[PDB]
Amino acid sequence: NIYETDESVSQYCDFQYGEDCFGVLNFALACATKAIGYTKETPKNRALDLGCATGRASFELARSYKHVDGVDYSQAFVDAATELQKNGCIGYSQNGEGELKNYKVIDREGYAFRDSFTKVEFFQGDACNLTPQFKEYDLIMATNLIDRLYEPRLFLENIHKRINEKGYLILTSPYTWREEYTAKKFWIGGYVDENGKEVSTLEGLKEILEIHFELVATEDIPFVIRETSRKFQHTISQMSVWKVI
């Protein structure tokens, strides 16, 4: 699992807690902020940050929610988030030219979320088969998760059972389906079906989710993730907001 490697841990520490690039705002804060707004009429007792990686969006959701669970399949990601939460700091290696690295520190006390980090709990877990304790959520937010899932339907077709009535499921994805993560037969979109029609992922999401959800809003949210000091990925993820029916 690439998500268990230290380079991957360092990459997501930088993306989630490092400095903004090319004028693009921090992605985890943008998503959590937009998610809180979309759910402003809800009780805001329990939220789930699914695929939380190094946990930045869990901390941000906890500024508004009474309890936040951060879940990720990578134990390495979970350890890093927990270490920052409990020790108050974590270090990471920022990439430079070639193999060169720059040591950086993330200080929990340098961020506004320092007022709410005890309302978070991080767990290792599988989004496609969550254990029963992860239930009764007002909000379930899964940013850039579905196109990394071995079988996205296992999560999507069942997630409504974990959300309270009038609760929300908020997804984002750039829809970068790849066989290294998901067999083509399981791509939600980005394929030509057996009748020569082009299936968009949002269409495939409507088909799965409109059984139990109403689609409330979509919006494009850019993000930049560093690869080296000179090479970056600059991506436009699509957020979709679903209200339990």
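Residue numbers run from 1 along the displayed sequence.
Asker: Using only C-alpha atoms and the B-factors in the entry, which stretch averages higher, 32-40 or 46-54?
Answerer: Higher mean C-alpha B-factor: 32-40.
Asker: Please compare 234-242 with 3-11 and name the stretch with the higher mean C-alpha B-factor in the deposited structure.
Answerer: Stretch with the greater average CA B-factor: 3-11.
Asker: Sorting the chain's CA B-factors, does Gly167 end up in the lowest, middle or highest third?
Answerer: CA B-factor rank for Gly167: highest third.
Asker: Please say which third, lowest, middle or highest, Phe186 falls into when its CA temperature factor is compared across its chain.
Answerer: As the PDB entry reports it, the C-alpha B-factor of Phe186 lands in the middle third of its chain.
Asker: Would you check the entry's CA temperature factor for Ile211 and let me know if it's in the chain's lowest, middle or highest third?
Answerer: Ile211: CA B-factor falls in the highest third of its chain.
Asker: In terms of the chain's CA B-factor thirds, is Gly110 lowest, middle or highest?
Answerer: Its C-alpha B-factor belongs to the lowest third of this chain's values.
Asker: Considering every modelled residue of the chain and its Cα B-factor in the PDB entry, is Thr118 in the lowest, middle or highest third?
Answerer: Middle third of the chain for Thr118's C-alpha B-factor.
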